[PDB]
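Asks: From the sequence below, what's the structure:
(chains A, B, C and D, ligands or ions: 20)
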Number of protein chains: 4
Amino acid sequence: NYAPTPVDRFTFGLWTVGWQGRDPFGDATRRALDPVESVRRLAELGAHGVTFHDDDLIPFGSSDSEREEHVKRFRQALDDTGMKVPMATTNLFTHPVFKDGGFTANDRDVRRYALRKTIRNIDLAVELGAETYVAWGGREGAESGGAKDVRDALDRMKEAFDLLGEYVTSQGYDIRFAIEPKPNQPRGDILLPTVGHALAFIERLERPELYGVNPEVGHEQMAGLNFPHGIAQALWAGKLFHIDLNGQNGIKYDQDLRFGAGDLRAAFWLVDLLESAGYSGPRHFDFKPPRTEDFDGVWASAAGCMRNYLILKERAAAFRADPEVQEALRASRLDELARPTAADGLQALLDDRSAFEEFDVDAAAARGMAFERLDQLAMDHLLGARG
Amino acid sequence: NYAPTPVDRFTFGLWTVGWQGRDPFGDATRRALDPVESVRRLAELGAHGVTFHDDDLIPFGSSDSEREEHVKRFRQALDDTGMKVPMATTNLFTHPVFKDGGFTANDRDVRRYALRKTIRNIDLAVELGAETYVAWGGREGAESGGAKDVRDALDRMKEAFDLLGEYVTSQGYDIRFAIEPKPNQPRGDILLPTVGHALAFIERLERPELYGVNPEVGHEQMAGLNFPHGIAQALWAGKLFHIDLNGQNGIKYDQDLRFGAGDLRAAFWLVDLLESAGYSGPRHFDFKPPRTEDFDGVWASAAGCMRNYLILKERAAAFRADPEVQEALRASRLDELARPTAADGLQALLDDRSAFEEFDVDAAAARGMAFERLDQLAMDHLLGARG
Amino acid sequence: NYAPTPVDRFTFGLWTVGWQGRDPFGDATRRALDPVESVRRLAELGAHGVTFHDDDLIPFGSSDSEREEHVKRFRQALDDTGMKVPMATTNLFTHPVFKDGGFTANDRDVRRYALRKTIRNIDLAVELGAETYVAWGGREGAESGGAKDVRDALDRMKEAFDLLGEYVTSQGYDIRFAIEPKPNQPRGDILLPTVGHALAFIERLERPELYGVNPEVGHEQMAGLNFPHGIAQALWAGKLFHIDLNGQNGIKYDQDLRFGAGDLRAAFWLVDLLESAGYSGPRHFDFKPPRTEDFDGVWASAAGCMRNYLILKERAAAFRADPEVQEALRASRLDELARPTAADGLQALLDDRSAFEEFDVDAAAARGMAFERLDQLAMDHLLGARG
Amino acid sequence: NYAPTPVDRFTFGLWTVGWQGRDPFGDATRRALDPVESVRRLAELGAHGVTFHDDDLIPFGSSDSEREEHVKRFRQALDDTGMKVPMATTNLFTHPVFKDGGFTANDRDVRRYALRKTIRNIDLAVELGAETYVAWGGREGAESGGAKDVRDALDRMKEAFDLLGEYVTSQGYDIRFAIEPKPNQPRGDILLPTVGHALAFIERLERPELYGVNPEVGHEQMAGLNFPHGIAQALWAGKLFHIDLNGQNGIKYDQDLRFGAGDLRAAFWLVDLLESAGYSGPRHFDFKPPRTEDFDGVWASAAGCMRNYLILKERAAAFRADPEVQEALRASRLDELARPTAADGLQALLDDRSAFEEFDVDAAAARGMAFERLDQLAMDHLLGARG
Ligand SMILES: [Mg+2]
Ligand SMILES: [Mg+2]
Ligand SMILES: [Mg+2]
Ligand SMILES: [Mg+2]
Ligand SMILES: [Mn+2]
Ligand SMILES: [Mn+2]
Ligand SMILES: [Mn+2]
Ligand SMILES: [Mn+2]
Ligand SMILES: [Mn+2]
Ligand SMILES: [Mn+2]
Ligand SMILES: [Mn+2]
Ligand SMILES: [Mn+2]
Ligand code: NA
Ligand code: NA
Ligand code: NA
Ligand code: NA
Ligand code: NA
Ligand code: NA
Ligand code: NA
Ligand code: NA
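Replies: Numbering: from 1, shown residues only, chains lettered A, B, ... in the order given. Ligands and ions are numbered 1, 2, ... in the order given. There you are, the coordinates:
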């Protein structure tokens, strides 16, 4: 039961199942995986595709001949399995040169290098068929107040993204960008810390249509925010270009638990929203099998990500299809929320005594919302306990 | 020392010093204050002005004659003291009719009433000389996932703000709107939970130039975010129309401590930013004297808000003026952060071997940022411990 | 399905279903309930009993004749329904006199009054058959560092609890005390903020056997802590005298959502632990139907608390009884965790080369824990998705 | 100004200034330091001593001859500088063998090895003159609910600490143990997550007098708790055997900022408490110079830890010595908080009409606490802005 299919579009970063287990306090617990291995194992589990940072696929500093051989082997694995590559990204965070940032490093020479490193990888992403290029500015930020003038840093971040937009336009590429917010870690505070801040920034770019967001479940939860609500705002803005799925237990370091772990009810409401809205992009997992696990546990954890999505999809669909739930949604006036407040226009509203002089506020205030009954129907559907 | 002056533009809500001390668990500890009393006492402390919700100035449900008398008494107090009214707002949160929201209530009749209540108070705000009209949507949100379709709620919130913009345009008013984000409390999650989400929403309004943000120190800190960073993004966007100053100890219920309490170093960096950027708006305190206090403690707490701003202003100015700090800022390459990455343009960057093939990444990575020395100079300046 | 029974021992505070909906920003949305009404309605839902603060049952300041009549009516309702009263507590937080505390108020006269108010209610609790007397020191704490010397406050808190222990001993009562920790709210920081701090404090009382803890799901989660882990430590110490069940979405104001809401997987692990350990006390709900609800929603929310406990009980029992789970627990060495490290004793351990010179650390480190497979079996059982 | 002296007893872990800068996302930015270098540089800054994990001083897996040479070189550096070694600890977290714990690993063979590794290092600590042996159980915990039975784990943790107590008793050593709590990171939840939980656990050990706590500023703040309050409870219990000083910005990953950074006002209240209580132990810094820094920044950050302690010490002493503050403390009834509630005894309290029938609750409730004036005097003293 709950078998993944190609239409599910489940994808995984090479760095997810390939995470060797090094953490702030501990050495690696697993050997490095060949990307070819990961592609073949993920395909066996029913995944649709993989994603990569440049330096996951091609060791940093590789010669041109080494680069070609790494890409050739990877493409053979994709061809052998039918796996796709819908998204790629640049590693602008691991190497010590990026310790103060890539695009917003105080040192101008580093900013220029970061752009050249990204541009090289955009070319590769396009060659592999990627539709989306993600940017996670994990080093953009500060530990202290004097170290980073945020207005200047935002100017540099806009300059960088504008140059990348000019680049893809000039080459005729169809790829689009997706900015991944995170509030903190590894920097004390990261620039563009939430979906909202990233959406606001995009509106000030020269070609805003080329950029959207790549929100990650756990990153919004590291600020204690409601991830389904943030995804709803991204959808409302037309900017949900990609998504990263995982789990998180609240306001902690970024745990990258398998999807469904962490806040299970938020995972339910997320799947309900994505499916109801008809989100058509990859269901991408940015997760880490815990370092307690051997490789069998790696593949079990990856399988669990997909399984949990499919269980939640079933339960959310049953919730929305249940005539008792539909009745409860009407009892709670969800239908009214979807109707305009004043399609009659401002003057008609100003002239409407039913909106002011003759509005019976105490009668309105007496009406219950019936939200608790609705939520217990949702709980019963999630748990398969209807009756 | 540290005496407030009119040019400081310190303002207070009537509901701040007037808070009677009722909390989720406790009855009022202070009697209600007449707004006339608050105006006269605040003026004696050196405040510039006050702000109000409609229902702070005019008891809910007042007749037209009662409304006129309340406003007349208030205006006499303003005239007697020279106090100004730079900002006003609507109470769309206390009355039970607003239990599911004002502008985004599921019930359409409530949404229409909320708009009419706001419009009436915009007229009054203009008559009193206010330049800014704040909206704090404290009831816009949910405790459960099925209760509120966030895309529909954002449609209703946009409709409401668009109607208000049409209204002020039609009347020829110069007032502008400022949206106040908050992540949670009193709703389990509030819509537009951060400065970023509010900035992003504004970009989708029909007349975006009429709307900005009113960020509150403690509200961003309730999501664990960096308040100076968020203010920097608002300034970068040209949207810092007003600000609410207070203190908060991290991720808790909204404490509304006096300004300078809570995160003292964030208060320092905030004042440094506002003064450096030339922010010209009110320095408004949205705070609550703790319910442990009698009226003498109320006025001491209000005085403390202003005193702490003025101490921090002095220390931040001394930091920026110190030639040793200026040298440290150059050692940390803050000057370089302010210079364009690639004013030479994209083609020149692509052709520049110094940005890629000839970039010595290990030499760049060896350079220290000297951020710790800079931050200890900042600490020494804040504490008056230079030497 | 999932029908409560008397053996379930589900109990509710009068103040839960009776909460009128006043919050930091909003007036009451529901009329006050007569305790008689609440007893009869809760009995109809299958509850076992109720609990009370003194001032929930007897209006503050009542005459002796008024007190007798309130108690008489309440006892008739208990007799009419078969409902029990297993626990009572004192309200040392609502009245303004308690604004700086009860037992740890700086003013000695207030401390003495708080003790007398508690003692009067202990007598009533015993008359009603209560086995446990809870103390929630919600006003014990501070908003500022100079206001409360915590060592002195702990001396006063110990003195108070020691006097209460002397009192019950002197009267021959069998009741025992349960201290309810909370980290913050309504005070900026509350003394004894977690289960651990309360357990540690109890060990320093003169008669430690008379005191245990009353942990509340949401209160531990307001510090981001793992509630099942804290309950395990209380059980390990022999101190889980009572428990408060509800839901919470992380590090926020105390939400008091119905049980099962908030962190659903933590609710699952909690029920698993209570049932596995054979906890025999009340399953008490300290929750608040949201103020959006009318009375039908109040009773739906209360019913939901019990329903969710019973669903989770079923799923946790099925998890523990499944031979595949039992095999997975052995694969993860849970059996070994339960066996002594060194029952052979210290000298034998020091002499055992297999524990040091001949311990193959790399072979040990290669063994996977298989925790992800185990956790996905747990997820499948919770969701009823085995297969 | 603010020059460290030997009587200040400032100490640093080898792993602090020696941290190479590897974080969850980034490679090392600094070369490894020879412990001899660190000892000599710290002495030049005015430090009193250093501390070590076994594997900081002796590379894991060293032969006996290698071990002797590493210790010999280190002792020569201590002798050359006058530096002391007041504390040592075991690394039971970095090596992959400890991925599920040391003392509470599910695998019994790992638990036995962890004990033998610790015992070997206790012998070395005693030879170097250490008075305290710290245990930070960073791997004791879980990411999932089924992986760790917490009651069984607490049994194993007690067994381990009891064996270590038997060991030191049998050898006649004067060293004592200090347990370092942390709520999470690197495990999803760590056992003994706060000072309170550790204090409670110690009370159940066979020889409780041999064990205390080593609280760390940032770790309590990772649960949003008040660090000075927790230190006060440890002092009240007689269990503050050692302390780790650093800074933290709230509920995030463990930042280990230099002391004084993070929550500056909490640092002030901490220093006030330690100095007022006469804490006589090391002022130990467990911090990490940010990875942005070169070695000059490492030593600047270490110097800053000590400088900030000394500034805060001066300001707290001036606060307590100021006759205006002493008057404000009396106005706020801090003197009364320190006096017994009922030294007259229980019967006298029960017979005292002034404590109940004749207690004027409304007159008592009218008295203000004057806490805001007191706190603004504290702020003025911290900032050196008296006047
Ligand atoms: Mg629709
Ligand atoms: Mg500039
Ligand atoms: Mg057992
Ligand atoms: Mg004393
Ligand atoms: Mn992540
Ligand atoms: Mn991601
Ligand atoms: Mn606020
Ligand atoms: Mn505000
Ligand atoms: Mn609660
Ligand atoms: Mn409770
Ligand atoms: Mn730490
Ligand atoms: Mn430490
Ligand atoms: Na700039
Ligand atoms: Na979209
Ligand atoms: Na709509
Ligand atoms: Na602006
Ligand atoms: Na005392
Ligand atoms: Na127990
Ligand atoms: Na055991
Ligand atoms: Na002590």
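
Asks: does any bit of stretch A:211-231 sit next to chain B?
Replies: Yes - contact of stretch A:211-231 with chain B (Cβ under 8 Å from any Cβ of the partner chain) involves A:222, A:223, A:224, A:225, A:226, A:228, A:229, A:230. Quick note: C-beta positions are derived from backbone N, CA and C, even for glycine.

Asks: Now do the SS call for residue A:325.
Replies: Look at residue A:325: counting by DSSP: H, G, I helix; E, B strand; the rest coil, its state is helix.

Asks: Check whether it really touches residue A:382, as I assumed.
Replies: No - contact criterion Cβ atoms under 8 Å: residue A:325 and residue A:382 do not qualify, at 11.9 Å.

Asks: With respect to residue D:187, which of the residues of stretch A:211-231 next to chain B is nearest?
Replies: Distance to residue D:187, by Cβ to Cβ, is smallest for residue A:222 among the residues of stretch A:211-231 next to chain B, at 17.1 Å.

Asks: Regarding the residue lying closest to the closest one once chain neighbours are set aside, which helix or strand does it belong to?
Replies: Excluding the flanking residues, the one nearest residue A:222 by Cβ to Cβ, 6 or more residues apart in numbering or on different chains is residue A:183, at 5.2 Å. Using DSSP states H and E, residue A:183 falls within no helix or strand.

Asks: doesn't residue A:221 make contact with residue A:183?
Replies: No - in terms of Cβ under 8 Å, residue A:183 does not count as a neighbour of residue A:221; the distance is 9.7 Å.

Asks: can you map out the helices along the stretch 51-200 of chain A?
Replies: A:54-57, A:64-81, A:108-127, A:150-171, A:195-202 (DSSP state H, counting those that start in this stretch).

Asks: Name the stretch among those that sits most buried.
Replies: Mean neighbours per residue, mean count of other Cβ atoms under 10 Å in any protein chain shown, is largest over the helices of the stretch 51-200 of chain A for helix A:195-202, with a mean of 28.

Asks: Tell me which helix or strand comes right after that one.
Replies: On the C-terminal side of helix A:195-202, the closest following helix or strand by DSSP H and E is strand A:211-213.

Asks: Between residue A:325 and residue A:382, which contacts overlap?
Replies: residue A:319 (Cβ atoms under 8 Å, 6 or more residues apart in numbering or on different chains).

Asks: Tell me which of these two has more neighbours.
Replies: The neighbour comparison of residue A:325 against residue A:382 (other Cβ atoms under 10 Å in any protein chain shown) goes to residue A:382, with 24 against 19.

Asks: Surely the more buried one and residue A:268 touch.
Replies: Yes - between residue A:382 and residue A:268 there is a contact at 5.1 Å, judged by Cβ under 8 Å.

Asks: what about residue A:377, helix or strand, and which?
Replies: Counting by DSSP H and E, residue A:377 is part of helix A:371-383.

Asks: Show me what counts as buried in that helix.
Replies: Using 16 or more other Cβ atoms under 10 Å in any protein chain shown as the test for burial, helix A:371-383 gives A:371-383.

Asks: Also near ligand 18: which of those, exactly?
Replies: Checking those against ligand 18 by Cβ under 5 Å from the ion, not one of them is in range.

Asks: Could you work out the most separated pair of the residues you listed?
Replies: Among these, A:371 and A:383 lie farthest apart (Cβ to Cβ), at 18.5 Å.

Asks: Please list all residues in contact with residue A:158.
Replies: Residue A:158 touches A:201, A:204, A:205, counting by Cβ under 8 Å, 6+ apart.

Asks: ok, those vs ligand 11, which is closest?
Replies: residue A:201 (32.5 Å; Cβ to the ion).

Asks: For chain A, just list every one of the strands.
Replies: Ranges of strands within chain A are A:10-13, A:49-53, A:84-89, A:132-135, A:141-142, A:176-179, A:189-190, A:211-213, A:244-245, A:283-285, based on DSSP state E.

Asks: which residues sit against the fifth one?
Replies: It refers to strand A:141-142. Contacts with strand A:141-142, where a contact means Cβ under 8 Å, 6+ apart, come from A:101, A:148, A:184, A:187, A:188, A:189, A:190, A:191, B:371.

Asks: 7 Å - rerun?
Replies: Strand A:141-142 is touched from outside by A:148, A:187, A:188, A:189, A:190, A:191, with contacts defined as Cβ atoms under 7 Å, 6 or more residues apart in numbering or on different chains.

Asks: gap between the residue nearest to the first one when sequence neighbours are not counted and residue A:117?
Replies: I take that to be residue A:148. Using Cβ to Cβ, 6+ apart and skipping residues adjacent in sequence, the residue nearest residue A:148 is residue A:142, 3.9 Å away. Between residue A:142 and residue A:117 the computed distance is 22 Å (Cβ to Cβ, to the nearest Å).

Asks: Beta-bridge partners for the residue in the stretch 101-250 of chain A positioned nearest to ligand 14, please?
Replies: As assessed by Cβ to the ion, ligand 14 sits closest to residue A:240 within the stretch 101-250 of chain A, at 3.6 Å. Beta-bridge partners of residue A:240, counted by DSSP bridges, are residue A:213.

Asks: from memory it sits against residue A:231, does it?
Replies: Yes - counting by Cβ atoms under 7 Å, residue A:231 is a contact partner of residue A:240 at 6.5 Å.

Asks: Grab the nearest non-local neighbour of the closest residue to ligand 18 within chain A.
Replies: Residue of chain A nearest ligand 18, by Cβ to the ion: residue A:249 (25.7 Å). Using Cβ to Cβ, 6+ apart and skipping residues adjacent in sequence, the residue nearest residue A:249 is residue A:262, 5.2 Å away.

Asks: Can you report how many residues neighbour that neighbour?
Replies: Counted with other Cβ under 10 Å, residue A:262 comes out at 24.

Asks: For it, give me its contacts.
Replies: So residue A:262 contacts A:218, A:247, A:248, A:249 (Cβ under 7 Å, 6+ apart).

Asks: mind running it again at 6 Å?
Replies: A:247, A:248, A:249 (Cβ atoms under 6 Å, 6 or more residues apart in numbering or on different chains).
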